[PDB]
Amino acid sequence: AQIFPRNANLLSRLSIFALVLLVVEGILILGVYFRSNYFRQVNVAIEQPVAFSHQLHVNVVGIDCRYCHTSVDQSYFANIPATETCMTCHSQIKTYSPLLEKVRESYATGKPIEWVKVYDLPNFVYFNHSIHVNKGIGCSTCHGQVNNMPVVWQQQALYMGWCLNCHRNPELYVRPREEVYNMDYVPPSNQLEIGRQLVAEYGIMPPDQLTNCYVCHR
Amino acid sequence: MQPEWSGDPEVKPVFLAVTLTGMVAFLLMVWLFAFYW
Amino acid sequence: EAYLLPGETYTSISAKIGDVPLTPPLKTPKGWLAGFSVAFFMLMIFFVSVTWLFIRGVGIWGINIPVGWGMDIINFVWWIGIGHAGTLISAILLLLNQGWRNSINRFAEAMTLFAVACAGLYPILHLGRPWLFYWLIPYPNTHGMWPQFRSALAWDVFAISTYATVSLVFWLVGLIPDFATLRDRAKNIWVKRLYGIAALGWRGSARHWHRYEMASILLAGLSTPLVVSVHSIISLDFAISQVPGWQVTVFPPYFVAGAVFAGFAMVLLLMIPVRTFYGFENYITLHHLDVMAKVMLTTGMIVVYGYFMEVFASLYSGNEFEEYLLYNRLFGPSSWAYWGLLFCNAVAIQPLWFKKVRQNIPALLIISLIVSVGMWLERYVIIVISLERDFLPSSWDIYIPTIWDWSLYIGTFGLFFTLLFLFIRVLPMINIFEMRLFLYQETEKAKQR
Amino acid sequence: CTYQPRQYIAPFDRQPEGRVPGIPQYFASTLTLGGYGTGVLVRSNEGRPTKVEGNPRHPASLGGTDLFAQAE
Ligand SMILES: CCCCCCCCCCCCCCC(=O)OC(COC(=O)CCCCCCCCCCCC(C)C)COC(=O)CCCCCCCCCCCC(C)C
Ligand SMILES: CCCCCCCCCCCCCCC(=O)OC[C@H](COP(=O)(O)OCCN)OC(=O)CCCCCCCCCCCCCC
Ligand code: HEC
Ligand code: HEC
Ligand code: HEC
Ligand code: HEC
Ligand code: HEC
Ligand SMILES: CCCCCCCc1cc(O)c2ccccc2[n+]1[O-]
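Residues numbered from 1 in each chain as written, not as in the entry; some residues may be left out. Chains lettered and ligands numbered in written order. Part of a larger assembly, values for the part shown. Heavy atoms only, no water. Residues with missing side-chain atoms left out of burial classes, pairs and counts.

The deposited coordinates, according to the entry record, derive from cryo-EM at 2.7 Å resolution.

**Student:** It is not clear to me how the interface of chain A and chain C should be interpreted in this structure. Could you clarify?
**Tutor:** Interface size, as often reported, equals the accessible area lost upon joining of the parts. The interface is formed by seven residues belonging to chain A together with 10 residues belonging to chain C. Summing the contributions of chain A and of chain C, the shared interface buries around 810 Å²; its carbon and sulfur component is 68%. When residues of chain A are sorted by the area they lose upon contact with chain C, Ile3, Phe4 and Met160 of chain A head the list and together hold 63% of the total. Across the chain A-chain C interface, the total number found is zero salt bridges. If you look at where chain A meets chain C, you find two residue pairs in polar contact. Among the elements that take part in the side of chain A that touches chain C, helix α9 (residues 160-168) of chain A stands out by supplying three residues, more than any other. (Contact = heavy atoms within 4.5 Å. Buried area = accessible area lost by both parts, 1.4 Å probe. Salt bridge = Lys/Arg side-chain N within 4 Å of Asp/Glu carboxyl O. Polar contact = N/O pair within 3.5 Å; in protein donor to acceptor, adjacent residues only side chain to side chain. Helix = DSSP H or I, 4+ residues; strand = E, 2+ residues; numbered from the N terminus.)

**Student:** Sorry if this is basic, but what is going on with the pattern of salt bridges here?
**Tutor:** Proximity of charged atoms lets side chains of opposite charge pair with each other. All names here are of chain C. This structure, assessed with the given rule, holds 13 salt bridges over all chains. Taking the shortest distance from any N to any O, the salt bridge between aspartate 19 and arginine 185 comes out at 3.2 Å. With a gap of 166 residues between them, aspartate 19 in the loop between α1 (10-18) and α2 (30-56) and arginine 185 in helix α5 (residues 152-185) connect regions that are remote in the sequence. Residue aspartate 290 is joined to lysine 294 by a salt bridge in which the shortest nitrogen-to-oxygen separation is 3.6 Å. Remark: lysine 294 and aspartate 290 occur in helix α9 (residues 286-316); sequence separation between them is four residues, near one turn of the helix. On the basis of relative accessibility, which here comes to 7%, the residue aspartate 290 falls in the buried class. Residue class for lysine 294 comes out partly exposed when judged on its relative accessible area of 34%. (Buried < 20%, exposed > 50% of the residue type's maximum accessible area, 1.4 Å probe, protein only.)

**Student:** How do you make sense of the interface of chain A and chain D when you look at a structure like this?
**Tutor:** Residue-level contacts link 30 residues of chain A with 18 residues of chain D. Here chain A packs against chain D, burying approximately 2300 Å² in sum over the two surfaces, 54% of which is carbon and sulfur. If you look at where chain A meets chain D, you find zero salt bridges. Those elements that provide at least two residues to the side of chain A that touches chain D are α2 (37-40), α5 (83-90) and β1 (115-116) of chain A. Counting residues per element, the side of chain A that touches chain D draws most heavily on α2 of chain A, at three residues. Taken together, the residues of the side of chain A that touches chain D sort by class into 16 nonpolar, eight polar and six charged. Of the pairings in the sheet, the one linking β1 of chain A to strand β1 (residues 8-9) of chain D comprises two bridges and is antiparallel in character. Each bridged residue has a counterpart across the sheet, and for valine 116 of chain A the counterpart in β1 of chain D is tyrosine 8 of chain D. (Nonpolar A, V, L, I, M, F, W, Y, C, P; charged D, E, K, R; others polar. Pairing = 2+ DSSP bridges.)

**Student:** Explanation requested: the coordination of the iron atom of ligand 5 in the structure shown.
**Tutor:** Ideal geometry at a metal centre: 109.5 degrees between donors when four sit tetrahedrally, and 90 or 180 degrees when six sit octahedrally. Residue and element names in this part refer to chain A. Around the iron atom of ligand 5, the protein contributes the donor atoms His54 (NE2) and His69 (NE2), at 2.1 Å from the metal centre. Coordination at the iron atom of ligand 5 is octahedral: its six donor atoms span angles of 81 to 179° at the metal. A residue pair is termed long-range when its members are at least 10 positions apart, and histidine 54 in helix α3 (residues 54-60) and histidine 69 in the loop between α4 (65-68) and α5 qualify at 15 residues. Of the residues examined, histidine 54 reaches a relative accessible area of 19% and is grouped as buried. On the accessibility criterion, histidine 69 (24% relative accessible area) is partly exposed. (Donors = N, O, S within 2.8 Å, 3.2 Å for Na, K, Ca; no water. Tetrahedral: all angles 85-135°; square planar, octahedral: opposite > 155°, others 65-115°.)

Structure representation (structure tokens):
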């Protein structure tokens, strides 16, 4: 009463409340920014120098995924296709076109097509495509419906926890090993009984083995 | 002995406000750190 | 003697303590200005050393493959052990009902807070990837990773965070009616609100004093096992290891005793200039210096007992690694640290038994400086010499510190003194209340005869 | 700011015939110290030598090499 006015008590209590809320909001803003789709480049159509259309080339043309990603069932690296593979068909279809001008500019010189890596793992991670494909994990469960993508986006961020989710509960995501390249496959109504059956059939290791550090990191 | 604010009609409204703020902040932190991905 | 000289009133105590703050900045003493200039120059040295460390790496120091912990960890344990005596005066002396805490606890707890502030950067500074100190904290991440919590460094995270937080909380609680006194004693209307919002309208109410005394008692009875657990955990970040100099089980009370020893050395070394430069001879007395040196002598005797325990373990064991640990300390390439440690922690404490030496001020200053040097040598002997020579003799090397960890040490000294000079500028060095309450208690004792 | 930079990728213009992308490939070569060659199995990761191993079919190799052939 000598110094501070009448509303100083309410002002001090509201200041303590607003400081606690501001700390919580700052922690929340930092967490949302580090989990956001902009930061993790998720659900954004990453632009390519040619703007290759997976939707056309799979849902319309009908090219199998192993025609272009030839090394996906044999090595860790799914094959980014060659200009030879593109010009195998594009020596006749839609020639003298400005959107295939970059592909025609390649294969005459040794200069490749500098595609942008949509799914970029940070080089200590060591994903293996061959064991994941051969152990009954389809492309749609981990890359999305790329057969309908005009421009390829990241369906999810490649979090360590998201990887360990399927390494600890694979029965929610395993599929007959013959439905891996099928983009029309959907999991059934129950899926848990057949997931446990397929884990036992393919000998999928327990979550301790699959959650070992040197499975992925190196 | 009794507390300082004993007998004040604003005590249970401000306790419900503090507990509501705590449970909203807790549920929001749980959503961001567990069910956001 | 007495812990309060006669001739003091409550208004005289309030004026004589609160008039060293609340002075205009044009009336700031030249001694404070010179000390703050030296402290700010060494803080610039701190900034230069930290910047070059962050630019280049932790390889600017002398640490190598066998000695991965060096002067960074020595200065960490040194600076975190400075704060134990201030926590003791703030908490254990309140628990024990000792009347000499009333004139040293504010400055000693401020020294504790600034020493913990200097020693909390040292994990982040030595970390090697300094920006990932939060991975040691249990925090929610997208990886699903956790800290191990079986290591002692996770316990160090929890202990250092709890020690800093509860020490700051107890210091602010002990400052709130001093904030009320400064808010009452201020002259300018805009510096009233500086201490008014920190006093929160204290009013000195007897209903508020009951809850205040209960909270201070419970904070003391929580901060005594807090500080013992913090220095036990800082002992444990060597004692949980299999290193022959570090797998020693008397380390938690030994580190408690060494921290209280070095803390009261620094406390005496900073009371004595404060006592002789401010008018605090009536408050900080020769009895205060005598009992602080008595606690120094007791805790230094416990550390000497810990040295005897380590020497007994080495001689009593048939273990070749314990025998070579004793041999390496006695006659190794780093035996200077052990011999100077024995001189500075065993020879220099036998004068402290004597009453005239205990009452003497320059002897106390020399003894406190020698004890601080010898405690740095103790932490050198514990860490560096044990890490230098290990189980495999092929993995033996010498730890030679560079100029950069010495520059960081001088810089953290400057940060500590900068924070201390800011504290003695804007805040009272000693508690305005609980010393007028001490005067009332001594008046009641004189009335009771 | 994002989590990572753009990270461009660079495929071939013509795929190699006997190469699967991502599978390291072993070639039997010969490394000489003082003119006396020893058989080495040098690993080509993507068309480039990265690790020298020993050639078990070779007399002075037997799967093991020396430090000079390893540091070639
Ligand atoms: C290996 C692990 C060992 C576990 C150690 C546990 C010790 C913790 C004790 C905390 C001090 C509280 C005393 C309050 C008080 O001042 O008591 C007053 C009486 O007033 C009261 O009515 C009590 C006030 C509230 C008390 C509630 C305490 C909350 C529970 C603590 C949370 C800890 C967790 C683990 C549950 C008078 O009594 C005293 O003043 C006596 C104080 C005795 C100090 C003990 C000093 C021992 C130092 C050794 C420390 C050991 C290391 C391992 C920590
Ligand atoms: C330092 C790390 C360990 C701290 C543990 C210390 C114990 C703190 C809590 C115990 C409280 C004891 C009850 C209070 C009390 O009686 O002490 C105050 C007492 C009496 O003071 P008056 O009220 O009568 O007035 C006097 C001044 N006006 O004062 C004392 O005499 C102090 C008691 C000494 C305590 C002894 C503890 C020693 C710890 C030894 C640990 C073992 C080490 C083994 C290596
Ligand atoms: C989930 C477990 C996946 C499945 C099933 C398939 N892929 Fe994959 N793909 C996945 C990750 C985590 C990554 C990043 C790897 C890296 O090091 O960045 C990829 C990457 C690709 C790529 C880019 C080239 C490469 O890194 O190999 C392509 C062309 C690709 N994936 C295609 C692809 C196809 C067609 C798949 C089904 C047969 C397939 N991947 C399986 C995750 C997963
Ligand atoms: C043969 C099976 C093909 C391969 C291999 C690739 N493409 Fe193709 N492409 C093919 C067809 C039949 C069509 C559609 C023609 C039509 O009339 O609709 C396309 C389309 C494209 C386009 C669009 C051209 C346009 O619409 O004018 C582009 C830019 C394109 N394809 C690029 C492309 C690249 C870079 C390829 C190698 C990865 C590639 N295609 C493969 C036939 C075939
Ligand atoms: C050749 C005509 C292809 C076929 C058939 C499929 N993909 Fe492809 N894929 C192709 C190219 C030229 C590229 C790089 C350019 C781009 O748009 O990304 C890719 C890349 C992918 C990716 C992105 C991987 C990355 O760069 O991070 C994915 C996820 C991918 N391909 C998956 C995929 C699947 C599941 C397919 C079968 C339905 C498929 N691709 C067909 C070329 C061709
Ligand atoms: C579910 C859709 C998965 C996700 C997401 C990831 N992985 Fe996986 N991984 C999965 C299966 C079914 C298996 C089979 C292993 C078995 O014994 O059944 C694996 C295995 C791997 C391996 C092989 C290592 C080994 O088996 O010893 C690697 C190197 C691997 N996974 C890497 C990896 C990474 C880096 C991931 C995050 C991008 C990841 N996997 C996700 C299923 C799934
Ligand atoms: C494959 C299934 C993995 C296993 C097993 C482990 N980690 Fe992982 N790690 C994996 C991925 C896909 C990522 C990238 C996460 C992202 O958000 O992009 C990581 C990353 C990490 C990190 C973060 C690295 C950084 O931000 O600089 C850490 C700290 C990490 N991984 C640690 C870690 C440890 C210690 C593991 C064993 C217990 C571990 N990961 C398992 C994939 C996988
Ligand atoms: C947010 C508080 C975290 C600060 C303390 C970090 C704990 C910590 C971390 C370390 O790497 C250490 C290495 C050697 C010695 C002590 C250490 N401490 O205490």
